[PDB]
There are 2 protein chains.
Amino acid sequence: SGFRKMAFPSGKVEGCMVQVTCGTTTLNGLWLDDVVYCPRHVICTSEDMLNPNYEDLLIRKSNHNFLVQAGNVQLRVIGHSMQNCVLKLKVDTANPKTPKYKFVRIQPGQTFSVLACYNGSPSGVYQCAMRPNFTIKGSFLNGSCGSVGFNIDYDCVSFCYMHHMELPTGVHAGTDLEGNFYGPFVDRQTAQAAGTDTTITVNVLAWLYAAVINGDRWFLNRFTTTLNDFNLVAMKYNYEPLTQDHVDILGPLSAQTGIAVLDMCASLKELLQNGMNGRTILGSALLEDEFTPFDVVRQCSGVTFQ
Amino acid sequence: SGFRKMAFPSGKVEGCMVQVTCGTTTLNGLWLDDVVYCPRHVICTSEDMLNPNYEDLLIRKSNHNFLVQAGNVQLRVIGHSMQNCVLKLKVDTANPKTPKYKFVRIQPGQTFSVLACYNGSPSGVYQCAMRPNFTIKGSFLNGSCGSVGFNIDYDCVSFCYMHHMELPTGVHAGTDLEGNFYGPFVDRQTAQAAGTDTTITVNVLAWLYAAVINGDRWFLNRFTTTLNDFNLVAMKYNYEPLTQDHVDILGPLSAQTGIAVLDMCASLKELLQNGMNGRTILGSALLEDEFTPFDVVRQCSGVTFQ
Ligand SMILES: Cc1c(Cl)cc(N2CCN(C(=O)c3cc(=O)[nH]c(=O)[nH]3)CC2)cc1Cl
Ligand SMILES: Cc1c(Cl)cc(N2CCN(C(=O)c3cc(=O)[nH]c(=O)[nH]3)CC2)cc1Cl
């Protein structure tokens, strides 16, 4: 029993983190095979932050302008290139700790683990969701750029996020590992704002199923509803509308508890219109939307990895 | 003078189009160096459309199950792999007509050219925009899957779109060339719906500047407005809000015409609240939002490519 904000074990990723220095700027890089990946704004100075021309800035660099350190061992840069917003540094030594990996782009509402790093050294791991406005509510300080987000599927690490910047509202923005930003953001130190966020409805429903599995039942009722009736209430409270695909995804949780999805939607409708009245669910006084249906199954039924 | 829906010259792309057959299914592929890229649902049959397991379907295939034709020359498949939603077929011959290229992921509101193809043969070219709901309003018939979208930057072809499917509403969905879908869609023949579309405001403003450059001035007025006052009216009419970044992008057009952006916004406010009253702008009775500021500059000031 129990329910926690659970991250993936980070060991396979810790061995890929390196320190990348260019000039007076130091941040984190990801070392897979003989390539080091890092944010391209490492080649920027204070004079170029507001409007950098990265093509010009890169042509004025040579391999010896890039210092790469894996712990205390230094890696020799033998080539460099730019792929969208990430810098690819070819080094003379292939990482012997390279795991089975792939580069994936995730969708809003999906979760992943973040290995926060400083000076190439892992500091902590935590779980977060990609928000519908393509930001993440992370925890990052100065020097954390190049930290990566990942999921583990069996023996394979799926890298999905590299950290680039913090927005004025305190939320965080980055790219996939091909260097393409999540959301309408650019790597320039200008004032950019995220659009309005919404609550991830399918995740809230999954979390309510986790509550029932763990013995929190006070919010259930006998009523039922339709998808269109529910979605009418949901839009009023800034909730993402619910699709038939979402209902299918929640199938294994409806079967394990014997509570139909549309039945659980009726409970959620009541919680939105009346609140929780000083009661808690799984130790929270708010509706939690950063657990996917898969996260719940993984924690309330059991999955490990090799 | 004049203003047209202008596409990029397609010659550099026509030489990369091939036909890919697997079983009874034939669609289009993109042949760059010694790799052929195509939608992975080419390995699906009618029995798997609703819920394909692509890992299983691919392990049951061998290289000789894939017939690749470049005109009449046949290409020998020596390897195959899956990267997200695209199939990568390694062939024995590198395309001698491979142009300088890169793979880019575009943002909503940006435009590109589509080379519609059938049986590996180019049929037509047209311009379209990525909608804010991550669909495109294309023109595609049966057999068009694998057609690609592209921009040309100097001598370099930037591939940004590969066509996968048509949604029930008649709009179209696809992936970038790394196989990651635009929008919340999956390559399964289930019922999926696009979210609500909005009008791309910065593009409408660019188009109004093109009108002024070409002698349509009847909608101008002496008034001005603020960003927050404009955005309040815009949201009422399902227009994307306007940012300071957008104002900067429109700079070259404001300078060429001597009409400040916030002045042009005041004209747009009036057109939204009063309509056009049987008058036309650049031969249209509706406000056009599929030309970017760069498209206008390119056509109203002059850019060619090598
Ligand atoms: C072009 C450009 C851009 Cl776009 C960003 C930076 N910065 C690099 C330094 N930096 C952090 O390390 C950091 C991350 C974080 O999440 N929170 C926090 O407080 N600090 C801020 C971003 C520099 C340049 Cl030249
Ligand atoms: C898993 C899967 C998926 Cl997701 C899609 C298809 N289709 C392949 C055939 N096809 C077209 O060629 C087509 C495109 C278009 O835009 N308009 C139109 O009328 N037809 C439809 C999609 C097949 C499979 Cl097995």
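Structure summary
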item: Answer from A:38, A:22, A:16 - the residue that is more than 16 Å from ligand 2 (Cβ to nearest atom) and touching a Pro at 6+ places or on another chain (Cβ under 8 Å); result: A:16
item: Selection from region B:79-99 of residues that are farther than 21 Å from residue B:165 by Cβ and within 14 Å of chain A (Cβ to nearest Cβ); result: B:81
item: Residue match in region B:92-100 (condition: surrounded by fewer than 21 Cβ atoms within 10 Å (Cβ to Cβ) and farther than 26 Å from residue B:305 by Cβ); result: yes
item: Residue within region B:134-156 that is among the aromatic types (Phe, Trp, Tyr) and in contact with a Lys or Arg (Cβ under 8 Å, 6 or more places away or on another chain) present; result: no
item: Selection within region A:138-158 - touching a strand residue (DSSP E or B) at 6+ places or on another chain (Cβ under 7 Å) and either within 16 Å of ligand 2 (Cβ to nearest atom) or not in a strand (DSSP E or B) (or both); result: A:138, A:139, A:140, A:143, A:144, A:145, A:146, A:147
item: Residue match in region B:60-76 (condition: within 16 Å of ligand 2 (Cβ to nearest atom), surrounded by 15 or more Cβ atoms within 10 Å (Cβ to Cβ) and assigned to a strand (DSSP E or B)); result: yes
item: Output for region B:285-303, where each listed residue is farther than 21 Å from residue B:131 by Cα and outside any helix (DSSP H, G or I); result: B:303
item: Flag for residue B:125 being away from chain A (no Cβ under 14 Å), in contact with a helix residue (DSSP H, G or I) (Cβ under 6 Å, 6 or more places away or on another chain) and of a type outside the set (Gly, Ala, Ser); result: no
item: Residue satisfying condition, being within 17 Å of residue B:300 (Cα to Cα) and over 25 Å from the mean Cα position of the chain (by Cα), within set B:275, B:258, B:283; result: B:258
item: Every residue from region B:254-284 that is assigned to a loop (DSSP other than H, G, I, E, B) and either of a type in the set (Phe, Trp, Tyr) or farther than 12 Å from residue B:221 by Cβ (or both); result: B:258, B:260, B:275, B:276, B:277, B:278, B:279, B:280, B:282, B:283
item: Strands (runs of 3 or more DSSP E) lying entirely in region B:92-137 (those with 3 or more residues that are within 26 Å of residue B:186 (Cα to Cα) and in contact with a strand residue (DSSP E or B) (Cβ under 7 Å, 6 or more places away or on another chain)); result: B:111-118, B:121-129
item: Every residue from region A:120-178 that is under 10 Å from the mean Cα position of the chain (by Cα), within 16 Å of ligand 1 (Cβ to nearest atom) and among the polar types (S, T, N, Q); result: A:135
item: Scan of region B:159-170 for residues that are away from ligand 2 (no atom under 13 Å from the Cβ) and within 17 Å of residue B:131 (Cα to Cα), ordered by number; result: B:160
item: Subset of region A:254-268 (residues that are in contact with a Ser or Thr (Cβ under 6 Å, 6 or more places away or on another chain) and in contact (Cβ under 8 Å) with a residue 40 or more places away in the chain); result: A:261, A:263, A:265, A:266
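Yes/no matrix, rows are residues, columns are (1) surrounded by fewer than 18 Cβ atoms within 10 Å (Cβ to Cβ); (2) within 14 Å of another protein chain (Cβ to nearest Cβ); (3) more than 16 Å from ligand 1 (Cβ to nearest atom); (4) not aliphatic (A, V, I, L, M):
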{"site": "A:6", "(1), (2), (3), (4)": "yes, no, yes, no"}
{"site": "A:9", "(1), (2), (3), (4)": "yes, no, yes, yes"}
{"site": "A:17", "(1), (2), (3), (4)": "no, no, no, no"}
{"site": "A:21", "(1), (2), (3), (4)": "yes, no, no, yes"}
{"site": "A:33", "(1), (2), (3), (4)": "yes, no, yes, yes"}
{"site": "A:41", "(1), (2), (3), (4)": "no, no, no, yes"}
{"site": "A:47", "(1), (2), (3), (4)": "yes, no, no, yes"}
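Just so you know, all these numbers are worked out from the coordinates, no wet-lab data involved. No Cβ is skipped: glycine too gets one built from the backbone with ideal geometry, and neighbour counts run over all protein chains shown.
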